[PDB]
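This report concerns only the one structure given below.
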Amino acid sequence: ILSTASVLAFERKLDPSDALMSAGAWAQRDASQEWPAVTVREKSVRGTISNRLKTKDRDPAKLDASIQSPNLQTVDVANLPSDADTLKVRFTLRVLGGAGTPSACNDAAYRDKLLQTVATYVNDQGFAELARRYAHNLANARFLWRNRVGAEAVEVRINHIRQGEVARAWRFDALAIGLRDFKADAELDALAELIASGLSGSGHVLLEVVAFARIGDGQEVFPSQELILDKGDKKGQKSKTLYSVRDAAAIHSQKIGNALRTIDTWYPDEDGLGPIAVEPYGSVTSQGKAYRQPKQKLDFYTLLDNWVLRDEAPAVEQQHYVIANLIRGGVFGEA
Amino acid sequence: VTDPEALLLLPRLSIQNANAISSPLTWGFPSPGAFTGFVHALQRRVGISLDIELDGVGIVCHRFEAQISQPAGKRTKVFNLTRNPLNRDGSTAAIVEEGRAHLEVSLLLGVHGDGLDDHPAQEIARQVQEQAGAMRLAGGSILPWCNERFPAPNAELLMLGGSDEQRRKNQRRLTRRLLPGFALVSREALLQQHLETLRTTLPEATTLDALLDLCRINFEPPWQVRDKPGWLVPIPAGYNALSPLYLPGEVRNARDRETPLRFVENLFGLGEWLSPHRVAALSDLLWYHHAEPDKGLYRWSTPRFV
RNA sequence: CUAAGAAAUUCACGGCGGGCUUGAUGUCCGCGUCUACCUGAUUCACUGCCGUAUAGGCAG
């Protein structure tokens, strides 16, 4: 009957490291191994109430009384030095093999059928499109996020590390490569071939990704913010806390992974957003809305179940979406 | 349970986000069960192909860093979390708190078999290194040291030296390699001795109270502090049986249907962090599995230490 | 076969108004630092000549 597995899990393929942030001057990007790190500092901010009022605080006397109480906060801030205009973001990326193999799965017939489905996908077209989109997300500085917004020029340098040295080196102009269009380029095709060979291999392929963004002299950079629950403590806390590994501002690994996963342009809604991160039930945290709802037949679980159990193979784009979810991983399976 | 013919020093491994939730009652460094399971996975993946056996692990913790913060006005600590993806209806999911930490460790793997004579030591050490370079140690990825000043090579040393002086020099140089760190050992005998001392101090005292007393900072009036022999962390010592051993197909929603499943619960023991110079041989730091499936007691420990 | 497997914290912010720290003061008596050594190991790979020569020889 080929019942679906009660416990299903997939290992996270294509896992990056923390994006270390460092600062320097442009046209010295080559000798950037000794660039000083960007440090997270402390500063005091005094604001004023600017949020919406609930029709009972709109009395002028209460508003003036609440303004007369100073609103003080302590925030973590990260800045470029007052003589450095370039932010260097460096992280390491492992492209693991055994991409379609589940990490944990109950039913052995479901094992054979799922591995047969992945084998059909890989010998039909393989990871050609998926690794193309991942290499595009590497080539443009999507992992900088807000650091990519107002940069004069962004250059991404990607090096293949085989044993301890650069086997093959890439250099891209991130602002020329779009954040929503996946064209074809020769160096991009070479990077896609390397990533696809890593996904189809039995070991791993190591890449280091170094992006230089010309933010501005002494401007304010944006490391990943840390999620800390207040938990109803009586003392006032610092409102903003930035992430750092060793006295050096950094971006979270899952933030970089979410940036790399932004390849899904096949969701049923219109591509006004463009690509979105590959997730089950197509959730977008910034938009607060989950595309690929299960009421439509385009969510990951129903597509996978139709593909592997009832042999209802979806469209090629939906097959790419399902295999991209397999790259992403996750804990699956009903009770 | 056995004497290794050689020691395999996995070099400084940068572990990114390790599970800082070691046990239901302890936090911080990951459980030794994670390291023993990682070594067993190394044996299951590459150890069989090399005709060797990888049993025993030495944990040194060259660097530790947990993603924690201390709220203002509180002396305790909280764990920094991650923003999970939204639900299918666009709302924030319920937060499940997990602790994630940064490690830098080097592992001493006990090697015994015929592949040591069948293959060169550098070759098997290397192949184990690039096998471990695509794995996980405590739920976190392993950073493989690309484009730094110089990577640390893997080094396998046979314990059967040509002489006692040569063996002693090799042990001291291997200790010098993993110097900025602290070896992790288990202190079950010390915990029992302290429990007997506590029982002579006052009766009906359980070993939980002895374990708590050996880790807390005690203040005594004339105001002094009761000194501790070492670092004396509380560590999970294994798993104890909580249910009769079920057949592989009895338990619904198991990991597989080929392995028996038994419900367990954590066993908490005593551990110590100490400098590697204070051990007679580096093979005394190796952590081994001790299952004994008849009575439960699915334990990991480091025997032959003292 | 690792309390296994999975994860975007994030948008915005004026901390400043002002101020006499001054009064007085003994550091101090005493003291054995000795003894004994190869800097030098080829430690000046130097000056000139024949030859276009960095190729290669020769002179004290």
Side-chain angles (χ1 to χ4, degrees), chain A residues 15 17 92-98 159-167 198 201-208, chain B residues 4-16 18 34-63 103-113 115-116 118-138 140-159 170 173-181 282-283 285-287:
Chain A
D15 52 320
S17 82
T92 67
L93 177 58
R94 299 189 318 176
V95 185
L96 303 170
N159 298 322
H160 176 213
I161 310 298
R162 186 179 295 276
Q163 295 297 109
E165 55 95 21
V166 181
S202 302
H204 75 283
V205 175
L206 175 68
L207 286 73
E208 65 182 1
Chain B
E5 294 143 19
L7 282 185
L8 182 55
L9 175 60
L10 282 176
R12 297 178 188 269
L13 295 184
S14 191
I15 319 298
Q16 203 195 8
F35 295 83
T36 55
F38 165 73
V39 173
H40 187 85
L42 277 171
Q43 206 271 330
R44 188 185 177 85
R45 288 172 70 153
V46 76
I48 301 170
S49 79
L50 287 176
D51 211 6
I52 61 173
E53 300 279 337
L54 291 174
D55 196 8
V57 60
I59 306 157
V60 306
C61 189
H62 292 145
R63 196 186 307 268
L103 303 170
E104 198 203 86
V105 298
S106 78
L107 308 187
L108 290 171
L109 313 193
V111 189
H112 63 80
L116 294 83
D118 195 22
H119 307 87
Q122 267 295 326
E123 185 71 23
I124 48 184
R126 187 189 61 83
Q127 279 189 345
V128 169
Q129 191 187 23
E130 292 84 4
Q131 177 63 107
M135 293 177 70
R136 319 264 286 256
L137 176 57
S141 296
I142 296 173
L143 309 186
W145 197 300
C146 69
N147 266 7
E148 276 90 15
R149 301 294 91 79
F150 63 94
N154 190 346
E156 187 186 80
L157 294 174
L158 267 293
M159 293 177 70
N170 280 333
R173 179 192 82 250
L174 206 60
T175 309
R176 185 180 67 189
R177 266 275 284 280
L178 57 85
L179 201 45
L282 288 190
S283 169
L285 313 167
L286 304 201
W287 287 80

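Labels below follow one simple rule: chain letters A, B, ... track the order of the sequence lines, proteins then strands, and each chain is numbered from 1.
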Counting neighbours of CZ on A:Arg162 that are heavy atoms of other residues, nucleotides or ligands and sit closer than 6.0 Å, is the number greater than 12?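 Atom CZ in A:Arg162 is not crowded, with 12 or fewer foreign heavy atoms closer than 6.0 Å.
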pair [X]-[Y]: side-chain heavy atoms closer than 4.5 Å:
{"X": "B:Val128", "Y": "B:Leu50", "answer": "yes"}
{"X": "B:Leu7", "Y": "B:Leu157", "answer": "no"}
{"X": "B:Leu10", "Y": "B:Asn154", "answer": "yes"}
{"X": "B:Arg12", "Y": "B:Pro180", "answer": "yes"}
{"X": "B:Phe38", "Y": "B:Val57", "answer": "no"}
{"X": "A:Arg94", "Y": "B:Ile142", "answer": "yes"}
{"X": "A:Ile161", "Y": "A:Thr92", "answer": "no"}
{"X": "B:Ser106", "Y": "B:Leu9", "answer": "yes"}

How long is the span from the [atom1] atom in [X] to the [atom2] atom in [Y], to the nearest 0.5 Å?
{"X": "B:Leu8", "Y": "B:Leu109", "atom1": "CG", "atom2": "CG", "result": "4.5 Å"}
{"X": "B:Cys146", "Y": "A:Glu165", "atom1": "SG", "atom2": "CD", "result": "12.0 Å"}
{"X": "B:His62", "Y": "B:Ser14", "atom1": "NE2", "atom2": "OG", "result": "12.0 Å"}
{"X": "A:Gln163", "Y": "A:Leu206", "atom1": "CD", "atom2": "CG", "result": "11.0 Å"}
{"X": "B:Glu130", "Y": "B:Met135", "atom1": "CD", "atom2": "CE", "result": "13.5 Å"}
{"X": "B:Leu13", "Y": "B:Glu104", "atom1": "CG", "atom2": "CD", "result": "9.0 Å"}

Quick one: does B:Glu5's side chain have a donor or acceptor within less than 3.5 Å of a partner on B:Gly113's backbone?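 Between the backbone of B:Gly113 and the side chain of B:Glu5 there is a qualifying donor-acceptor contact (under 3.5 Å).
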Under 3.5 Å: donor-acceptor pair, side chain of B:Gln131, backbone of B:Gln129: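 Flag not set: sc B:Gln131 to bb B:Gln129 has no pair under 3.5 Å.
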In sequence, state the C-alpha distance, the side-chain angles, and the governing distance for A:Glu208 and A:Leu93, and then conclude on side-chain contact (heavy atoms from CB on, under 4.5 Å).
CA-CA 6 Å; A:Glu208 65 182 1; A:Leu93 177 58; over 6 Å; no
Kindly give the heavy-atom pair with the smallest separation between [X] and [Y], and that separation in Å.
{"X": "B:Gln127", "Y": "B:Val46", "answer": "O-CG2, 4.4 Å"}
{"X": "A:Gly198", "Y": "A:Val205", "answer": "CA-CG2, 3.6 Å"}
{"X": "B:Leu116", "Y": "B:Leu158", "answer": "CD2-CD1, 3.8 Å"}

